[PDB]
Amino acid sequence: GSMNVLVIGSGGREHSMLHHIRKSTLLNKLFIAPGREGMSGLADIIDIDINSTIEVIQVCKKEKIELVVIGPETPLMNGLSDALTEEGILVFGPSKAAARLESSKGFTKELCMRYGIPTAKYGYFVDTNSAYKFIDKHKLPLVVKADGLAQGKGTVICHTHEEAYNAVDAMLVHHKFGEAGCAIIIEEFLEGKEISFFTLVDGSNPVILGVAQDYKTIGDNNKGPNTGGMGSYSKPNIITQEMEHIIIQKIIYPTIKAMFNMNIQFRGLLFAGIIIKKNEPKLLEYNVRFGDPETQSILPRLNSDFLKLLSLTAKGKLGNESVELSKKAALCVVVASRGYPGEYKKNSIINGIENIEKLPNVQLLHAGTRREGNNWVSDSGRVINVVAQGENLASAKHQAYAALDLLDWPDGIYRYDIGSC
């Protein structure tokens, strides 16, 4: 291969991306900034501040980078993609203007209203007077969300009006989520089957990548606060091919076309949260980049070349193209530091990683580790992923959880219901 590739980010999603980019015959040299030491087998780790456009550009010139693959949302919101494009560097990820689909949840809701895209009824607010008056006319339960990038944690289901007042104060008045909470949306609570729906979009042509089941809450059986995501799986027929088509026609294409026509075309990975009831999909939310940890379960199933797909997307060349997925089930369990999504302990010593990495049927990803002396220690809220594949979901599940029995980390927390009915 002749393509030098730079991945931006440092979590389990990116470690998975590296693993799968490394399979391409198109790849020459592979880099990650800032990455993590546990990923160093796959790529050269670059220690830079990725919030500095200028530092990222300097790495691209120094290393002759031909494609940049942006993992997380914040640099997209900060216009890293625009800064790279202005320098004539190919980038997989949307422009700042296109990234508003995620960086303002209210942006997406208005677009849905204007273009007739099915979604939750809602209101948008910047002060508790208007918010409380909406709460008081509104049916329960309802969902309060930070408008900005709250890493999936600024989303609270409220079953009493008092819980809603508290959620709205925490964001608008007490500033508990920084600028991300300076505005909010309050939405009707929708029932049904929730899925994660990944589409590659080259500016005008959508190509479905895959579907996964997510696990948002910290606790099993959907209990406790919302997190960035505590697990995932992907397998054939989570939804029918017909439903896939309805989602593209009613939600994704109208989104792509609206953005294109306002001259803010979307290019990259469009990740829709979708809820299905009475055979009809509604849009929960947009993320404008790969989902963590849904990516970890979808990529194992990809028969098509992942790097080629990223490059073609970035180039505006998905016109003829299609994705091929295997019939395997894949499943990812996240191990978090105790306290997450709240305050968590860093520097906790983690034992068993080397034993799990010796297993041939599973992959351990370094989502949030670092080295301190001779130990692996905790360094983020989400610390380890274990990923497995099988002929069916039960096999994939058994293998993941069998591997996790080798983990000896009393401060580690993981759900036991990843892949359960």
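Each residue number is its position in the shown sequence, starting from 1.
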Next item on the list: Determine, for stretches 172-180 and 225-233, which one has the higher mean CA B-factor as deposited.
Entry: 172-180
Next item on the list: Identify the stretch, either 210-218 or 346-354, whose C-alpha atoms have the larger mean B-factor according to the entry.
Entry: 346-354
Checklist line | Top Cα B factor in the deposited entry, candidates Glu162, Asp147, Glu294, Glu73 | finding: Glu162
Notebook entry, point to check: Out of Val126, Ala330, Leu284, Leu90, which one has a C-alpha B factor higher than all the others in the entry?
Noted result: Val126
Next item on the list: Would you check the entry's CA temperature factor for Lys62 and let me know if it's in the chain's lowest, middle or highest third?
Entry: highest
Next item on the list: Among all modelled residues of this chain, ranked by Cα B factor, put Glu102 in the bottom, middle or top third, i.e. lowest, middle or highest.
Entry: lowest
Check: Considering only modelled residues of the same chain, in which third does the CA B-factor of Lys121 rank: lowest, middle or highest?
Finding: middle
Item checked: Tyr340 - which third its CA temperature factor falls in, relative to the rest of the chain -> middle
Next item on the list: Check where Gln399 lands among this chain's C-alpha B-factors and tell me if it's the lowest, middle or highest third.
Entry: highest
